[PDB]
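Consider the single chain below, provided in structure tokens and representing the form deposited in one PDB entry.
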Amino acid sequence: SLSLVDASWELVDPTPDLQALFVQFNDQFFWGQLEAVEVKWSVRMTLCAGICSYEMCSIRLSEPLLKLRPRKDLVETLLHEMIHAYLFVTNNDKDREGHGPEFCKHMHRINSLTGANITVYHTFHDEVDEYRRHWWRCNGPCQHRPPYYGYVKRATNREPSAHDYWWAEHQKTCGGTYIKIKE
């Protein structure tokens, strides 16, 4: 009934309709509460498959990473990001960890309803991600700025600094602090 899993789940969708999926999912899984959330494709984002940004809440999905993947990857990424958005909109985003019990409650619930496999972790380009595993996010306004949306992801444990050639502009236009979120 709310089941998402059929033969096509495993297959690429030539013509995904992101706005339609968002409207469907808001209705079917989030009690209509994500009406004011903006979801868009990003054509240059490659650092992440999906992100959120918070003022109003915005979701972006990577066209380069998702357009030719099976439709389960678009859907599971979108639902993952919508759970973050829901915790934001409902002022329930106070868990210490990125994906704490509150995230995981919705993940389990929607997986149960749909047969899907939303996860706390990413399920594609395993080797790229495995090595490029040190992640920071700026807690400043560049979070809304494409194509990085505040993220830095490195294969070594070296935090952003003045010896990055992109630093001066960042400090001048944004000025936020990079917070380490993954190792």
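Quick note: we count residues from 1 along the sequence shown, nothing fancier. For clarity, a rigid core is taken as the largest C-alpha set superposing within 1.5 Å between two forms. Shifts are known only where both forms have a C-alpha.
Another form, the form deposited in another entry, is not on view; read the next lines as being about it.
Once the core is superposed between this form and the one not shown, every option in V120, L68, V43, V128 stays below 2 Å in C-alpha shift except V128.
Compared with the form shown, the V128-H144 C-alpha separation increases in the other form, the change being 3 Å or greater. The gap between the Cα atoms of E63 and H125 is larger in the other form, by no less than 3 Å, than in this form. Once the two forms are aligned on their core, only one segment of at least three consecutive shared residues with Cα displacements of 2 Å or more between this form and the one not shown appears, at 122-131.
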